[PDB]
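Consider the single chain below, provided in structure tokens and representing the form deposited in one PDB entry.
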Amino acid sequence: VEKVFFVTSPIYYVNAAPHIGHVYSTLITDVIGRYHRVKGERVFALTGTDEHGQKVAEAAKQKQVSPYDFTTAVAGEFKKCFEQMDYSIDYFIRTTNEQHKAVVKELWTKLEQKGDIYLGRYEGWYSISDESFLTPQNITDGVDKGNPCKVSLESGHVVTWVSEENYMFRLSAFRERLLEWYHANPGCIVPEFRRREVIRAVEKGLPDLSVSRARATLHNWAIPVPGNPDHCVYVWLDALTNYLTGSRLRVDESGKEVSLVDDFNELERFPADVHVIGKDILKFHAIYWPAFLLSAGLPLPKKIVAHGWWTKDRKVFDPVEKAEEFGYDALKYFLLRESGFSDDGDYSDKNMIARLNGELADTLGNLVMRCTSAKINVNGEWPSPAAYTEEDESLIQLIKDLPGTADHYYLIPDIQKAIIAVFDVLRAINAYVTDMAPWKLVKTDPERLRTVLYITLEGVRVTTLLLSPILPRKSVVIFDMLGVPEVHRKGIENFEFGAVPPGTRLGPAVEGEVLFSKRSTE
């Protein structure tokens, strides 16, 4: 099936201004999207805001502002933040959007009509801040901001008791089918240890899920249950549905939603190929969402990838401050290189300088300038290579192999491993150049310099191609410099070694340009 490659971020609670971590979550989505476009696929990257609910209403109340004006305000800050971050996101969805509301009601009725919703009670614990139901096994003693109280073991936020007559979803009726799913498709959750988590959790057992709430308790800031106005639809069913809505909106060039199609198939987007989420919101995506879709008879997503950060809680680092100080591409690169799947990373100013200088400036930067220098490349062109020594071939072989391995990494997706894979190959090219001493060759042996300079150029191109989803602005400056024609800057075709042919002319130089400039160690 050729289809639109559909990738998502989570949609974020608008309770507080956007910080790092939304930025991280959405950057991953952006990168995954960007890569598939570099492959020449159709993409649809979605992101947005989660605007309804108790959490969000009570933040609006605590600021003495109306929910309508509050959400709109904060949503605008999220849009400004993401514009400023220079993502290539295809659409920004809001759950207040009337077309979304329409899809939630539509979905609820599917779920209702299958007989997977019934009127019951939920008498148990709830984290308003997580908008999560919790069994007593996942609460414990702690402090309110300072009295003694019970808190979520998930997040350490304050939980409270809840005894409401609610509409209930038959999640228990879906235990075995989730379990078949998980096993049948072992790629479906990334990273592997969270897949194991999700299975152990569901093995142990699933109770039914309370998919409505008394309207009094939600401050009437939510979507009403179809055919029962005394209730509102659980904020997470509302939130998760953003993906299905997203998959059905027609969007103009300006980024404005213009139409909601009846059948998701019409746009060939649903289901999501990859859902980017933080580890704090796994259950909702890996248990609830599949159960809802299986009820509605909808297709399940292909991949849920849950990165190592929290999606929401501010537990100092301002992206825009750091982006101005170090660079937008540098910051994105640093965040992506440093953060693994279980997050044990160093985000100190010292480390950011070490990597910017070490990797981007010394390994990539230097190398780009060597092969384009007037000193070495005296014709500002791609020379035609002579015969290859077994060293020459050793590196060519690395450069040939890099797209295959970088691709697989991107498809996991483990963007960090992908970056390493490339930079390994960059460090090889430096090593190569150190040996050959191209500076010495331009006098000694011009015939050899051709072979050397050609391989350098083509490695630096192919590495920069595979780096392009991470360093989107700089890859354009690298290609401009190497004089790579615009057609050769994307497509699986141009992952092949030698796509840009000899006798191509390098880009014009500038009197004081440097690609990445070192920052003092202080």
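Note that the rigid core is defined as the largest set of C-alphas that superpose within 1.5 Å between two forms. The first residue of the sequence shown is number 1, and the count goes up from there.
This next part talks about the form deposited in another entry, which is not shown.
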### Query
Core fitted between this form and the one not shown: which of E268, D346, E77, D435 shows a C-alpha shift of 2 angstroms or more?
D346
#### Entry: Threshold 2 Å Cα movement between this form and the one not shown at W310, rigid core reference
yes
### Query
Closer or farther apart in the other entry, the C-alpha atoms of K283 and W310, for a change of 3 Å or more?
farther
## Note on the structure
Against the displayed form, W310 vs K204 by Cα, in the other entry, with 3 angstroms or more change: pair is farther
